[PDB]
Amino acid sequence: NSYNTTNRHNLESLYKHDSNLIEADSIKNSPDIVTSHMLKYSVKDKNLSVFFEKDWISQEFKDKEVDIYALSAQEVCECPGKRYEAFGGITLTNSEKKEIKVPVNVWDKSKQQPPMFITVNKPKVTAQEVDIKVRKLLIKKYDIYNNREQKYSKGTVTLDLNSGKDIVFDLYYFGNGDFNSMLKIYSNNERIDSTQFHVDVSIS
């Protein structure tokens, strides 16, 4: 069920510690040899492999300066670590780093809550960036993944777009139990206009 302590613990650990988060501005990919569903980057001192769902997404960022905002998992192999993998999280760089406050509407066990917000400075952001910033907020404010009282067990993060298209994320999706399994959902690298949507969260 959604009351599995291990999974809740790993899901929380994944979104709580910034250690797992890879944030880099105006970066360009390494001229390495890659497949058609990935792009190798060198962020900080780590080697990062960014995977995408479709093969046409790669071509769009190749040798172009991009902004990265994605969660990552350590790839385990018989070599000197430093190998990390992430899904999506890429958008072309931008000179308009202006601040945008995305309204976050939380329904806490049926009760409407006071207006909350998350900030982003890209005019076009990825769903993943929004989902990450929201979950960090819910963890801090409501402790939705707690393993002592386990007050919460169901919830959804809904990106309510003005274009009649909704992106839904289940706050209690554990994949198979591994981080890459939990992060694969962001592989579509879907992006959206920062000012054309708001967030609706339901937790119980």
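Sequential numbering from 1, following the sequence displayed.
- The PDB entry reports B-factors from which the mean C-alpha value can be compared for 134-142 and 172-180; the larger average falls on 172-180.
- Look at the mean CA B-factor for 75-83 and for 109-117 in the entry; the higher one is 75-83.
- When all modelled residues of the chain are sorted by CA temperature factor, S30 is found within the highest third.
- When the modelled residues of the chain are ordered by C-alpha B-factor, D160 sits in the lowest third.
- Among all modelled residues in this chain, the alpha-carbon of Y69 has a temperature factor (C-alpha) in the lowest third.
- Looking at the C-alpha B-factors along this chain, the one for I167 belongs to the lowest third.
- When all modelled residues of the chain are sorted by CA temperature factor, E129 is found within the lowest third.
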